[PDB]
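> Coordinates for the following, if possible.
(chains A, B, C, D, E and F, ligands or ions: 1)
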Amino acid sequence: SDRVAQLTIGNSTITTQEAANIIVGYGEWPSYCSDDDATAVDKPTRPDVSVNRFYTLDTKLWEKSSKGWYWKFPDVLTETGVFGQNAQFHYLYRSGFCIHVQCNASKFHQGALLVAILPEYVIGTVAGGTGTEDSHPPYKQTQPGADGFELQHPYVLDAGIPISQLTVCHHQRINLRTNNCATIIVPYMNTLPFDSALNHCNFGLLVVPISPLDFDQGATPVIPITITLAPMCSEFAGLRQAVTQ
Amino acid sequence: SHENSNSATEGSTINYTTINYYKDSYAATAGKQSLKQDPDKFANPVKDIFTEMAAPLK
Amino acid sequence: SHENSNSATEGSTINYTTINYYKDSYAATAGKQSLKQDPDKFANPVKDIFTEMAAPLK
Amino acid sequence: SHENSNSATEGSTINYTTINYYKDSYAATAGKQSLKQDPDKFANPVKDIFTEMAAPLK
Amino acid sequence: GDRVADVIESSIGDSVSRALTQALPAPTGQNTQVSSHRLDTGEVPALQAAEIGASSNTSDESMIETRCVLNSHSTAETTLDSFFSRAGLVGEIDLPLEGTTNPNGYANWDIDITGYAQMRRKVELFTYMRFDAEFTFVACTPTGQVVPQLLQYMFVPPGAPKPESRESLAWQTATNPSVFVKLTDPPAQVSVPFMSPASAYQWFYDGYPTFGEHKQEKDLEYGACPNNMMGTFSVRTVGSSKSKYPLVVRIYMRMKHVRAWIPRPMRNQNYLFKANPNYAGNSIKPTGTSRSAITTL
Amino acid sequence: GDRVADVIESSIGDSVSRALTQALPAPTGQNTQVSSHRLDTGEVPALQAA
Ligand SMILES: CCCCCCCCCCCCC/C=C/[C@H](O)[C@H](N)CO
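Residues are numbered from 1 along each chain as shown, chains lettered A, B, ... in the order given. Have a look at this structure:
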């Protein structure tokens, strides 16, 4: 009655039998902008079932000496499907999300993961090691795409903030003893009712192994982590030609 | 006091008691905030709410 | 407040809410003007007013 | 006057009459204390109270 | 009207925020009820699942044998107005006589509260803020002495032409708000409203403000949110010829009518730049302190 | 009297023996009822925990 769950939205379905619970971000469900919050004067388009569906992004490799990965949202969905073709033509953009991270292991493996949602996760660099040069992160590190990016110093989250207080935001834990999936429903968090979908990334997903992996010689040595996410209540406004970046 | 209503609070559930000597309401004092908490937003943000008397995963 | 009424507004359709500590009303503060517009004076100053649904010259 | 009630007296039998121009009540003036004495606490702290007309030890 | 059945029985266009929580009034702390010994089966209030993500809901009465306490500790100190309405130093403007920093009797200061580390760490606890302000400008000589000197503060909104020099024709302040003070008086104090085009300020803005091919020359515009660039603060010694007293201006901002959204972790490392969360690469210092072993203190 | 709340709502001084059993009269042995074949699910009267 609580261990098993099913997520049906659009034409996709995720069924899992070792789930913990479906967390709700800040007690608020994703919705459409009301007439008070709205700024634009054109009617916003809203594809119902053609964008509110799950997109399985990529398969990672949780090895023994892993550090962590991060994906910037909604940068990961600008080349996939009708959602990746609507955010290239349109200017304004508004959507919640629904993130579901699968990571499976046997009953002989041990380890934990921290699946976090950090709003406006601003990447900062090491300033040349000593802290003299005013360096800045490149474009292939700030918005990594659908392949993520490996964290170089995961204790400070590559942003100056410590990892031990990360659970004040949305967090679920993939502990390979009891559960195997972490599902988070994120509402739309921005100061503006709509936003551009090509430069501003709203929040960043963080998957960091807190407790390490361990197994004995004889089990299979590779444990994959897959991210699966679905936009919810997507809206677009303002047509133009197709520009990539 | 007949003045403008253009402070950075207007349209909220919190009712203030401030003093003001000008025509605009952003020059007023800080005043006494209402004491309304919400622990269920950051601490128990789950969909089905479980009782403390019962184990959640059965 | 019993004072003189000799400000540079008296005899208008705009009603003020000002403060004043003297006997003459031109030393008072600026106050809150009434918000009455008239776009039909500089933008559509024509004799016969045409509907936006119809072409004017037929 | 709508203010906070957080002075170093609140919850006593002494009623004050003070003036205050802030939102907190520890910045108020000293004011007029009520004049209630209790000589029976330090001077006659005995269990059985004896009359002044009678010798106590008989 | 509508005749199809997959729209008249649909939920497209749900605008209201379906909230699971409901804010209750809590003027003081919560009391404690009397609890006795309990030796039952099935009902366990001490065993939870941290994998769910929610925190502990274990009352104190369900773990020990408690006593009835009428708690009357007020929680009116930890609110947002009682935490941020304390004026801290946000900027310092120098006006020397013979030098290379500001040798022409004027100095232009861009408005940002992220220049000093003590105020910066408090406001970066949250992501979005929405506040008024009460600025305060305390002017003195570098030796602390107060000299009879007249000064003009000018708030330049974003767009207006900055003064090139002291005798420039932008100082005539026909529409810019200006403050004229001497130094032999109490310091000036204004009240700045919420002056942003957005609905709230933001100290962390992940992304770029422009379009186009972001290469190695245009990398410094990352994180520069233009909903926070509020203009330029300018000072001058009000006169034509050269002055003879050196000046130092200090700015103190306190926030009022504060609303904050979306909390986040607080920084533990040293700051290095303004509006740039860089840190030292080699000198990564842990948050707590170290001991010899874990078995002993 | 009593004015504290952790004594007036306490259970200190429970003197009666709170018994879970209750002795019933049994002059003879217990009879046997008629039972038919039963091929159901979930309801098992032969599996216990020692
Ligand atoms: C005579 C006028 C006095 C000057 C008044 C300046 C008003 C500006 C409003 C101050 C509010 C703080 C602005 C916050 C922005 C932060 O610096 C940026 N987000 C980070 O650089």
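
> Please give me every residue in contact with the residue of chain B found nearest chain F.
Scanning chain B for the residue nearest chain F gives residue B:58, at 17.0 Å (criterion: Cβ to the nearest Cβ). The way it works is simple: take the backbone N, C-alpha and C, and place the C-beta from them, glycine included. Going by Cβ atoms under 8 Å, 6 or more residues apart in numbering or on different chains, residue B:58 touches A:1-3.

> and which of those residues is nearest residue E:6?
Nearest to residue E:6 out of the contacts of residue B:58 is residue A:1 (Cβ to Cβ; 30.9 Å).

> what's the spacing between that closest one and residue E:44?
Distance of residue A:1 to residue E:44, computed by Cβ to Cβ, to the nearest Å: 17 Å.

> got the phi/psi numbers for the residue nearest to residue E:26 when sequence neighbours are not counted?
Leaving aside its chain neighbours, residue E:26 sits nearest to residue B:37 (4.4 Å; criterion: Cβ to Cβ, 6 or more residues apart in numbering or on different chains). Torsion angles at residue B:37 (phi, psi; degrees, to the nearest 10) stand at phi -110, psi 170.

> what about the longest strand seen in chain A, near chain E?
Secondary structure of chain A read by DSSP state E shows that its longest strand is strand A:90-103. No. Residues of strand A:90-103 contacting chain E under Cβ under 8 Å from any Cβ of the partner chain: none, with a closest distance of 10.7 Å.

> Chain B contacts on chain A?
Contacts of chain A with chain B, taken as Cβ under 8 Å from any Cβ, map to A:1-3, A:20-27, A:168, A:170, A:178.

> quick one: which two of the residues you listed are the most distant?
By the measure Cβ to Cβ, A:1 and A:168 form the most distant pair in those, at 30.1 Å.

> higher neighbour count, the two?
Taking other Cβ atoms under 10 Å in any protein chain shown, residue A:1 and residue A:168 do not tie; residue A:168 has more neighbours (14 against 6).

> which residue ranges form the strands in the chain?
Because you didn't say which chain, this covers chain A. Assigned by DSSP E, the strands in chain A fall at A:5-9, A:12-16, A:22-24, A:55-62, A:69-73, A:90-103, A:114-119, A:149-150, A:170-173, A:181-186, A:195-196, A:203-208, A:223-229, A:232-239.

> Can you look at chain B instead?
B:36-37.

> Just give the nearest non-adjacent residue to the residue nearest the centre of it, would you?
Nearest residue to the geometric centre of chain B (Cα atoms, centre = their mean): residue B:14, 5.2 Å. Leaving out its chain neighbours, the residue that sits closest to residue B:14 by Cβ to Cβ, 6+ apart is residue B:34, at 4.7 Å.

> For burial, what's the neighbour tally of the one you found?
Neighbourhood size, residue B:34 [other Cβ under 10 Å]: 14.

> you'd agree it is up against residue B:17?
No. When contacts are counted by Cβ atoms under 8 Å, residue B:34 is not listed as touching residue B:17 (9.8 Å).

> what's the residue of chain B found nearest chain D in contact with, if anything?
Distances between chain B and chain D by Cβ to the nearest Cβ are smallest at residue B:17, namely 4.4 Å. Contacts for residue B:17 (Cβ under 8 Å, 6+ apart) come out as B:31-32, D:2.

> Tell me the buried residues within the residues you listed.
Using 16 or more other Cβ atoms under 10 Å in any protein chain shown as the burial test, the contacts of residue B:17 include B:31-32 as buried.
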